[PDB]
2 protein chains.
Amino acid sequence: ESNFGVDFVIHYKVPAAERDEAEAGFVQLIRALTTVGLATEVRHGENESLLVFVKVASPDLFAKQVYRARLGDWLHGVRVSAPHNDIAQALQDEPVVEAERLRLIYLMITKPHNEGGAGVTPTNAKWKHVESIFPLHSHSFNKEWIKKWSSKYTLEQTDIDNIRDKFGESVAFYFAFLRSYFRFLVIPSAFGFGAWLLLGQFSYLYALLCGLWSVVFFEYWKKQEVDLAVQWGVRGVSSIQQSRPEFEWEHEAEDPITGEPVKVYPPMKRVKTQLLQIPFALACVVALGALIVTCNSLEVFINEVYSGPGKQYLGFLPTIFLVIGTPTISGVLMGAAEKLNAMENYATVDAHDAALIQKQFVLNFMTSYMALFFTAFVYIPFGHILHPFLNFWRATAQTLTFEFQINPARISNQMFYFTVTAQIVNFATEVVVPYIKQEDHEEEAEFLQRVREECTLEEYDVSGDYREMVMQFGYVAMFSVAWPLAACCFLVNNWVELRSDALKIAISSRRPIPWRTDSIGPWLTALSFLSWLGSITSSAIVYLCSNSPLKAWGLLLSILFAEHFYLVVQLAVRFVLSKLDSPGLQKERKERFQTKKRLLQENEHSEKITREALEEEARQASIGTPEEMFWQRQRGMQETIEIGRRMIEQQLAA
Amino acid sequence: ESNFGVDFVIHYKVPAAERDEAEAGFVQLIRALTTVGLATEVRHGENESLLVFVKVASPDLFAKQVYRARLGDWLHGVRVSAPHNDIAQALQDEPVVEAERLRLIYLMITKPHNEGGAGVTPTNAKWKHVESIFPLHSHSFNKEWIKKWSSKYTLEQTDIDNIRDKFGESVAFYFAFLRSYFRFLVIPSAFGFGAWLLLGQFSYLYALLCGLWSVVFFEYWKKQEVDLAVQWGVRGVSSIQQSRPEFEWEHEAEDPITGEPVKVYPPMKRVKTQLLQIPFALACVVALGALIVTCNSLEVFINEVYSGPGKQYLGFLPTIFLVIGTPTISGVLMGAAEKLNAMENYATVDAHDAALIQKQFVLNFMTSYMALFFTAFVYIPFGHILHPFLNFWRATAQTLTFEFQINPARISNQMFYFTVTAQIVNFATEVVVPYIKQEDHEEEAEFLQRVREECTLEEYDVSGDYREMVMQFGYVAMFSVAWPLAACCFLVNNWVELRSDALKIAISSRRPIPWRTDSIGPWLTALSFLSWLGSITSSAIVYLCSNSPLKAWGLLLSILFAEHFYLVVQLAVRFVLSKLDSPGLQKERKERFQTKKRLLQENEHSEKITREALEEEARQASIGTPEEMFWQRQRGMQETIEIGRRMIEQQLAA
């Protein structure tokens, strides 16, 4: 019921057709890991694969690897404090967590021979037989962490920090983002229930309240992430770039910024294939745009010809067919989001995911809101354009079988359907995968059985759940005025999602390779664009749905005021939160000072000043006469006093 | 025709009534300067004053003071490079400019006994007799710098950098701002002449062109000021705070950020008197607002009753009376801007001027544009409100002596009057002060005569001319669509102002005390607010003056589009100028690395890994049996190879 001290496990699938190649690749593989010091053990595997097992035998090699990497961060402004002990006295001062151990094991299996490692990245030239490298999961800790989280109402700061200790900094930021979003969701939750009782449908004051809250939360989290990165000491790691393993280069570069020549790729080949997203996004506009308008017009056509024999669940049934249908059609578009992104050669693995997301978000931006956008910005202001699409469907239904009444209250029903049915099918997909999983020395067989299962588990992507919580922010920031129970219905989800995603890392995936990132990433832009867009369409909805024919005086002012209510209250909160004097920033200017105070500690009056007058009076004697005779006029300071006093009475005589 | 090596000159006016006090103060003063090492010479003065003359005699004291201050900056991240030589080998590597010399002389006369100086700040408790401390001006360099500038068409980067060498960094930023504003003025200058020929009055395309240029200039200067601060090595000096001499404190503070206890002032007493500006600004609103409406209504009343017997110069004569009258009434309001600011106890001398300016700018914001604002936002859209003020003046003129026709083209005449007549009276005031100035050992009398004049000169404030060039940007960013020759008429001024202000430091003022500031200061906000406000009222003017009755569809869209044309092109240029890879930033990451590479240089394979297996096999022998017998199953890596190969054929047998 425990591990055997193993750090990482390499899969190395061996097929039948490339048998002699994979066998010769294996002995070349197992040679390479032994040079960098990995104590190696080979075990059996399923589908005729060979799971080799690695660990660091020599601690003083391993502590030197810790001492090398801690020196490597200290050069880049990551660590303010120097190690100062070339022998392991620095390591006894600051001990290695299990995250900092496993990364430096993973660096010794991935870094090339330039950086002192055996690079066994699978996507490079040979070893296409190595399928995956993974650390084994500790089920002993894992059972406690679920149990201790499931009994807890709230999550303390020591609960989030324990995730950093064993799962890395990038995984711990997702729970630290979620917890600080779960807590900040209660403010439009409770006020979204009070606006349901008091204010009624489409109030103006809730839109100004939500557009205030979405600034206050987002500016608070940007302050909180620079405090947490100080606390884990990962502040500034985004400034470090790490080169990509599968990055291809045409030539090496000269005149570098770091100083040593780097391998580069001419951007005219990259800006060609980056321009390929412009027809790809525009086709995906008219893919999803034609898809919504053929479901939305058909849905409004069916309530006119059947007159609703069932209830309103039957009236919106293709819209329900869209929400159960969208996580499939998001799956095919994320595949084209990743193939188009890997085709573009990106330099760093930070700037590779920094442009994956702004392709991944915009594609998810279309498929999650343009169904709602067509209700409140096409159907409500002018449904006269869809009247060709209605009678076109009337041409079929008469041949098949052998008065528009545009309701302003359609979106509040539609926002209700996008809220709960997406929350059902999400919690359906977070319950069905729990329900779809449900020789050799005769001692480690149960140990080996959990490993043989763990290769079948997929990797856990942290970005796959940021994209949900950002899209969950989009319903609250933009369209929550249509149904202010959404912030009430998201808050019950974010409690269980904080324990559902804790369960998803627990049993439905292997342990991720621990990484280091300062911020959440490029989501801080996508959380900020949704906040600003949640000022315009939060005000433009409450003007239309609360509607006299609609005047452009009314819309263009209600947009301009609330969008400039945003920019004022953005500058107020940025002013206020600058003056909160965060404890992560007080310590950083402090602890930098004592290290300089260390080097500070590393390193008569009248009688002196006459001697340089004696010095210059020798040099006029050796060789001008205005300059020397000016200064030697009053030689000592006592001579300056008496002449200074006698010039007063000389003036006082006059 | 040269100085005598003197650094600073202290005035110390001695009156008749406090004669014995000032005389006893003088001997106490001249005692204090001799302790910190100032070689002292006393000379005569006018109005029965005693000009004492100071210099540093001992160079090794003075080099240690240089070595102390260079260490002081290096602790705060100012200097990337360490001095590394406690003896003066560091100083021979990087020599002292005359600016860095005079500041450290001035620090020894101002810093208290805590920081190792004799604080002789005049505004502290005793020595109210010391009037001013000033460095003497070098007329030898000064005659060359005017002559070499007056022949030059353009100013090279070595011309601006010479100002830093003798006048400090804060003075050199004003010319570096002016030169980079003079050069960026030619873009709406030439395009403002082409819009005069082609487009005519109040074009829309020029407003989008100017609102583009005002982002491109301002974002360029913000990039350029972090390059110049790197080049002078003053980058980050704003992060250093310097305490104020005249700051009063109630008690010392505990738990500090630097570590040592500081003297503080409870903010409830300061936020009381900071709230005093709210009635002060609102009264100055209705001071200047009532002042414009009683001149503007009277001016439009005089063209109706006299029918213009003279020409249009006679028609706008109270508006001309306002522009010749405003530098006087700006003088009285700047006095209340400085008395109200000094009454508020500010901590640092940086944050003292950082709130002086936003009082000084807003007060100058009212008196320079609200005359134009009432033309284009009250008179043009609805002049029906001023009709009481007309017939009120008609009640007087009939008793004195015993049909509105609102012209849309009034502002283009009025913008012409605010352009050239302000430029006349400015160049009048920059020519009239040149035209209003036009015993003792018998050797230094001509030397002493230039000093006796120089006490009568006032100090040169750098902020007094930033406020002009920011206000000059306000006419271009906001109201240049009314008269696009303004950018043509400002460009001829900014050439001569670049040599006029070079003349004003030359003869019409003493040499300023050299300081150190990273940016221009809080003008970067006031240049940025004017840029954003130059998007709204640059579009709202061209809608009204080019005008059918005016629809709120038209105004509210023309505001919303151009103001969102601003925020898009702000984010584009911030994206583009981030990717220009400025040479001031390439060197900073470079030169930081070699200093870390210095500390980097300050600090078998298979045969090792079996020994820890031999280590653990002794410890199972001393004492678990799954963990040990797993790892000692395949002891050496060659044993891992053969079992790893035989598991393949075992699988291949199956």
# chains A, B, ... in the order shown; residues from 1 in each chain; ligands from 1
$ residues_around --residues "segment 349-352 of chain A" --least-positions-apart "2" --cutoff "12 Å" --atoms "only C-alpha atoms" --output "VMD selection string"
chain A and resid 237 to 247 338 340 to 347 354 to 359 515 to 522
$ write_last_selection --atoms "N, CA and C atoms" --output "compact mmCIF listing (two decimals), in the first residue's frame"
# COMPACT_ATOMS: atom_id res chain seq x y z
N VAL A 237 9.32 33.16 -12.44
CA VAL A 237 9.75 32.00 -13.21
C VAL A 237 9.30 32.12 -14.66
N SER A 238 8.28 32.93 -14.94
CA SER A 238 7.87 33.15 -16.33
C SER A 238 8.92 33.92 -17.10
N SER A 239 9.75 34.70 -16.40
CA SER A 239 10.84 35.41 -17.06
C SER A 239 11.89 34.44 -17.56
N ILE A 240 12.12 33.35 -16.82
CA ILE A 240 12.89 32.24 -17.36
C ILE A 240 12.08 31.60 -18.47
N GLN A 241 12.71 31.41 -19.61
CA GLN A 241 12.14 30.62 -20.68
C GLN A 241 12.79 29.25 -20.66
N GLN A 242 12.03 28.23 -21.04
CA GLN A 242 12.57 26.90 -21.28
C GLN A 242 12.32 26.55 -22.73
N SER A 243 13.37 26.12 -23.43
CA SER A 243 13.24 25.81 -24.84
C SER A 243 12.42 24.54 -25.03
N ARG A 244 11.80 24.42 -26.19
CA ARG A 244 10.94 23.27 -26.44
C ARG A 244 11.77 22.10 -26.95
N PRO A 245 11.42 20.87 -26.58
CA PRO A 245 12.16 19.72 -27.10
C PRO A 245 11.95 19.49 -28.59
N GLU A 246 10.71 19.60 -29.06
CA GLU A 246 10.37 19.32 -30.44
C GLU A 246 10.47 20.54 -31.33
N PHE A 247 11.09 21.61 -30.85
CA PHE A 247 11.28 22.80 -31.67
C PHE A 247 12.35 22.53 -32.72
N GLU A 338 -5.13 22.15 -31.42
CA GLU A 338 -3.82 21.67 -30.99
C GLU A 338 -2.95 21.27 -32.17
N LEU A 340 -3.13 22.79 -35.16
CA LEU A 340 -2.71 24.05 -35.76
C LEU A 340 -1.68 24.75 -34.90
N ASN A 341 -1.69 24.50 -33.59
CA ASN A 341 -0.75 25.16 -32.71
C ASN A 341 0.61 24.49 -32.75
N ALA A 342 0.63 23.16 -32.83
CA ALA A 342 1.90 22.46 -32.89
C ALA A 342 2.55 22.60 -34.25
N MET A 343 1.75 22.86 -35.29
CA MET A 343 2.30 23.08 -36.62
C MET A 343 3.11 24.37 -36.66
N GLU A 344 2.66 25.38 -35.92
CA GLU A 344 3.40 26.61 -35.74
C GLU A 344 4.53 26.33 -34.76
N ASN A 345 5.77 26.49 -35.21
CA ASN A 345 6.90 26.28 -34.32
C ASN A 345 7.00 27.42 -33.33
N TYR A 346 6.73 27.14 -32.07
CA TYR A 346 6.89 28.12 -31.01
C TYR A 346 8.21 27.85 -30.31
N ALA A 347 8.84 28.92 -29.83
CA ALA A 347 10.18 28.79 -29.25
C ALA A 347 10.13 28.12 -27.89
N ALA A 354 1.06 29.84 -24.35
CA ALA A 354 0.50 31.19 -24.29
C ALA A 354 -0.25 31.54 -25.56
N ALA A 355 0.03 30.81 -26.64
CA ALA A 355 -0.75 30.99 -27.85
C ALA A 355 -1.64 29.80 -28.14
N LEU A 356 -1.52 28.71 -27.39
CA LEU A 356 -2.50 27.65 -27.48
C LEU A 356 -3.82 28.14 -26.91
N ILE A 357 -3.74 28.85 -25.79
CA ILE A 357 -4.93 29.21 -25.02
C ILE A 357 -5.77 30.23 -25.77
N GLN A 358 -5.12 31.23 -26.36
CA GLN A 358 -5.88 32.26 -27.07
C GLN A 358 -6.43 31.75 -28.39
N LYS A 359 -6.01 30.55 -28.80
CA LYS A 359 -6.77 29.81 -29.81
C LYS A 359 -7.83 28.94 -29.15
N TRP A 515 5.48 21.34 -12.41
CA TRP A 515 6.10 22.43 -13.13
C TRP A 515 6.17 23.65 -12.24
N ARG A 516 6.52 24.78 -12.83
CA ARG A 516 6.64 26.04 -12.12
C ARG A 516 6.18 27.17 -13.01
N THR A 517 5.12 27.87 -12.60
CA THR A 517 4.64 29.05 -13.31
C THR A 517 4.26 30.11 -12.30
N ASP A 518 4.56 31.36 -12.64
CA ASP A 518 4.30 32.48 -11.75
C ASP A 518 2.81 32.74 -11.63
N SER A 519 2.15 32.97 -12.75
CA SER A 519 0.74 33.30 -12.77
C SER A 519 -0.06 32.08 -13.20
N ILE A 520 -1.37 32.27 -13.35
CA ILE A 520 -2.17 31.21 -13.94
C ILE A 520 -1.84 31.07 -15.41
N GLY A 521 -1.40 32.15 -16.04
CA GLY A 521 -0.95 32.09 -17.40
C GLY A 521 -1.56 33.19 -18.22
N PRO A 522 -1.99 32.86 -19.44
CA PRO A 522 -2.74 33.81 -20.26
C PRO A 522 -4.21 33.87 -19.94
$ closest_residue --among "B:202, B:134, B:301, B:193" --to "residue 12 of chain B" --atoms "only C-alpha atoms"
B:134
$ residues_around --residues "segment 480-488 of chain B" --least-positions-apart "4" --cutoff "9 Å" --atoms "only C-alpha atoms" --output "VMD selection string"
chain B and resid 185 to 196 201 to 204 206 to 207 210 409 411 to 416 419 to 420 474 to 476 492 538 to 539 541 to 542 545
$ write_last_selection --atoms "C-alpha atoms" --output "PDB file, in the first residue's frame"
ATOM      1  CA  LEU B 185       5.205  67.150 -33.377  1.00  0.00           C
ATOM      2  CA  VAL B 186       6.141  67.169 -37.069  1.00  0.00           C
ATOM      3  CA  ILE B 187       3.705  64.338 -37.787  1.00  0.00           C
ATOM      4  CA  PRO B 188       0.501  66.306 -37.017  1.00  0.00           C
ATOM      5  CA  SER B 189       2.286  69.441 -38.193  1.00  0.00           C
ATOM      6  CA  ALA B 190       2.640  68.347 -41.811  1.00  0.00           C
ATOM      7  CA  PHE B 191      -0.617  66.418 -41.749  1.00  0.00           C
ATOM      8  CA  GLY B 192      -2.282  69.407 -40.144  1.00  0.00           C
ATOM      9  CA  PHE B 193      -1.263  71.516 -43.111  1.00  0.00           C
ATOM     10  CA  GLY B 194      -2.499  68.922 -45.586  1.00  0.00           C
ATOM     11  CA  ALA B 195      -5.823  68.727 -43.778  1.00  0.00           C
ATOM     12  CA  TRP B 196      -6.079  72.492 -44.188  1.00  0.00           C
ATOM     13  CA  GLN B 201     -13.005  72.585 -41.558  1.00  0.00           C
ATOM     14  CA  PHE B 202     -13.538  69.901 -38.902  1.00  0.00           C
ATOM     15  CA  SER B 203     -12.702  66.707 -40.739  1.00  0.00           C
ATOM     16  CA  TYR B 204     -13.326  63.320 -39.198  1.00  0.00           C
ATOM     17  CA  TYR B 206      -7.825  64.105 -38.902  1.00  0.00           C
ATOM     18  CA  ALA B 207      -9.402  63.393 -35.522  1.00  0.00           C
ATOM     19  CA  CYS B 210      -4.510  62.765 -34.241  1.00  0.00           C
ATOM     20  CA  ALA B 409     -16.955  78.663 -37.286  1.00  0.00           C
ATOM     21  CA  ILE B 411     -14.053  78.117 -32.431  1.00  0.00           C
ATOM     22  CA  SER B 412     -11.670  77.993 -35.407  1.00  0.00           C
ATOM     23  CA  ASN B 413     -11.250  81.713 -34.915  1.00  0.00           C
ATOM     24  CA  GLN B 414     -11.050  81.192 -31.147  1.00  0.00           C
ATOM     25  CA  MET B 415      -8.538  78.353 -31.444  1.00  0.00           C
ATOM     26  CA  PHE B 416      -6.506  80.649 -33.682  1.00  0.00           C
ATOM     27  CA  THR B 419      -2.731  79.529 -30.437  1.00  0.00           C
ATOM     28  CA  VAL B 420      -0.896  82.605 -31.680  1.00  0.00           C
ATOM     29  CA  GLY B 474      -3.524  69.455 -24.744  1.00  0.00           C
ATOM     30  CA  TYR B 475      -4.253  71.780 -27.634  1.00  0.00           C
ATOM     31  CA  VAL B 476      -2.907  69.220 -30.082  1.00  0.00           C
ATOM     32  CA  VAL B 492       7.944  76.681 -34.688  1.00  0.00           C
ATOM     33  CA  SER B 538     -11.665  65.366 -30.697  1.00  0.00           C
ATOM     34  CA  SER B 539     -14.584  63.368 -32.038  1.00  0.00           C
ATOM     35  CA  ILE B 541     -16.222  68.517 -31.885  1.00  0.00           C
ATOM     36  CA  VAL B 542     -16.192  67.264 -35.473  1.00  0.00           C
ATOM     37  CA  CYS B 545     -19.323  71.770 -35.886  1.00  0.00           C
TER      38      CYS B 545
END
$ residues_around --residues "segment 551-553 of chain A" --least-positions-apart "3" --cutoff "6 Å" --atoms "only C-alpha atoms" --output "PyMOL selection string"
(chain A and resi 556) or (chain B and resi 552-553)
$ write_last_selection --atoms "N, CA, C and O atoms" --output "PDB file, in the first residue's frame"
ATOM      1  N   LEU A 556     -27.007  53.643 -26.699  1.00  0.00           N
ATOM      2  CA  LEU A 556     -25.638  54.132 -26.805  1.00  0.00           C
ATOM      3  C   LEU A 556     -25.214  54.876 -25.551  1.00  0.00           C
ATOM      4  O   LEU A 556     -24.021  54.974 -25.263  1.00  0.00           O
TER       5      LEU A 556
ATOM      6  N   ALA B 552     -28.889  62.312 -31.113  1.00  0.00           N
ATOM      7  CA  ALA B 552     -28.068  61.662 -30.104  1.00  0.00           C
ATOM      8  C   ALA B 552     -27.555  60.315 -30.575  1.00  0.00           C
ATOM      9  O   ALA B 552     -26.627  59.777 -29.968  1.00  0.00           O
ATOM     10  N   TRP B 553     -28.161  59.744 -31.619  1.00  0.00           N
ATOM     11  CA  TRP B 553     -27.548  58.629 -32.334  1.00  0.00           C
ATOM     12  C   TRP B 553     -26.175  59.027 -32.849  1.00  0.00           C
ATOM     13  O   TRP B 553     -25.214  58.262 -32.743  1.00  0.00           O
TER      14      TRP B 553
END
$ residues_around --residues "residue 88 of chain B" --least-positions-apart "6" --cutoff "9 Å" --atoms "only C-alpha atoms" --output "number ranges by chain"
B: 60, 63-64, 67
$ write_last_selection --atoms "N, CA, C and O atoms" --output "JSON list (two decimals), in the first residue's frame"
[["chain", "number", "residue", "atom", "x", "y", "z"],
["B", 60, "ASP", "N", 40.33, 62.01, -0.59],
["B", 60, "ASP", "CA", 40.08, 60.65, -0.14],
["B", 60, "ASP", "C", 38.89, 60.59, 0.81],
["B", 60, "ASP", "O", 38.22, 59.56, 0.92],
["B", 63, "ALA", "N", 36.31, 60.99, -2.14],
["B", 63, "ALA", "CA", 36.14, 59.75, -2.88],
["B", 63, "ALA", "C", 35.43, 58.70, -2.03],
["B", 63, "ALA", "O", 34.69, 57.87, -2.57],
["B", 64, "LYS", "N", 35.64, 58.73, -0.72],
["B", 64, "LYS", "CA", 34.89, 57.84, 0.16],
["B", 64, "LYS", "C", 33.42, 58.21, 0.18],
["B", 64, "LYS", "O", 32.55, 57.34, 0.30],
["B", 67, "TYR", "N", 32.27, 56.83, -2.80],
["B", 67, "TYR", "CA", 32.21, 55.39, -2.61],
["B", 67, "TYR", "C", 31.07, 54.99, -1.69],
["B", 67, "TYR", "O", 30.51, 53.89, -1.82]]
$ atom_distance --atom1 "atom CA of residue 639 of chain B" --atom2 "atom CA of residue 617 of chain B"
16.6 Å
$ atom_distance --atom1 "atom CA of residue 619 of chain A" --atom2 "atom CA of residue 632 of chain A"
12.2 Å
$ closest_residue --among "B:36, B:143, B:90, B:334" --to "residue 113 of chain B" --atoms "only C-alpha atoms"
B:36
$ select_by_dssp --residues "segment 498-569 of chain B" --states "helix (DSSP H, G or I)" --output "NGL selection string"
:B and (498-506 or 523-544 or 552-569)
